[PDB]
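For reference, the chain that follows is the form deposited in one PDB entry, supplied as structure tokens.
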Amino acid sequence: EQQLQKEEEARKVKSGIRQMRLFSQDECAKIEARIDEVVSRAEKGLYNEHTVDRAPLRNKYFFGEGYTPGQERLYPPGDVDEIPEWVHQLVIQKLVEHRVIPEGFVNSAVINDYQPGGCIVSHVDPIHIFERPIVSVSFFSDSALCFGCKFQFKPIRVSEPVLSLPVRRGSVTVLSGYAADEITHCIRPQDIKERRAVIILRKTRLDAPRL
């Protein structure tokens, strides 16, 4: 049955997801103020060209490492701005202290800032660029992350994702295995009702192809 297939898929996705409430409301407030600083600094033209990526639904800020289909390429060393001290002190440290990731692991911090009605189209985290696990921390409001995103293209055949994962403010999502390699994920516009930001902490692969 198609029902059994969806249930085994969702179980496999679940095995690749770990999630914990790690940041208090005050800790979130401090990080959100720092996120607002990045947005302000971008608007002041203070960042490198490749640090900032502006699109209708969302702004993307690349720190430490950055990239440009499976044809993503890492920008040459020193092309994007370095990971800001507050990311180390307020975000990465908390994660290291809670043993989510080891020290020295993260060389890439991306901030995605979403407008209401913002979305991500079905995609896989590029395996040729980034090691696993992929760590993300949500900030301004609660939302959902969907896995198995055929519905975004064939809504008559399939109306729902395989799995929808609540992503609450201050929660940490860790993706590995099946959830990171074998299935697509996306965000639905109806799931972003107000401003939402997310910090994505990753390690790039040594042989990630460069420009």
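Whichever C-alpha set is largest while still superposing within 1.5 Å between the two forms counts as the rigid core. Note that residue numbering follows the sequence shown and begins at 1. Shifts are known only where both forms have a C-alpha.
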Deposited but uncoordinated residues in the residue 68/residue 69 interval: 4 to 9
Comparing 180 to 188 with 23 to 31, the one whose average Cα B-factor in the PDB entry is higher: 23 to 31
query: Averaging C-alpha B-factors over each stretch, which comes out higher, 155 to 163 or 35 to 43?
result: 155 to 163
message: Maximum C-alpha temperature factor per the entry, among 137, 109, 129, 101, belongs to which one?
response: 101
- line: On the chain's distribution of Cα B-factors, residue 193 falls within the third called highest
- line: For residue 113, the third of its chain by CA B-factor is the lowest
- prompt: Split the chain's modelled residues into thirds by Cα B-factor; is residue 96 in the lowest, middle or highest one?
  reply: highest
query: Which third of the chain holds residue 50 when residues are ordered by C-alpha B factor: lowest, middle or highest?
result: highest
statement: Temperature factor at the Cα of residue 74, chain-ranked in thirds, falls in the highest
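Although not depicted, the form deposited in another entry is the subject of the following passage.
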query: Once you align the rigid core, which of 168, 150, 30, 60 turns out to move its Cα at least 2 Å between this form and the one not shown?
result: 150
- request: Would you tell me if residue 40 moves between this form and the one not shown by 2 Å or more at its C-alpha, with the rigid core held superposed?
  value: no
- prompt: Closer or farther apart in that other deposited form, the C-alpha atoms of residue 146 and residue 152, for a change of 3 Å or more?
  reply: farther
statement: Output row for the residue 178-residue 155 CA distance, |change| of 3 angstroms or more in that other deposited form, reads farther
field: Structural rearrangement between this form and the one not shown, runs of 3 or more with C-alpha shift of 2 angstroms or more, core superposed
entry: 150 to 159
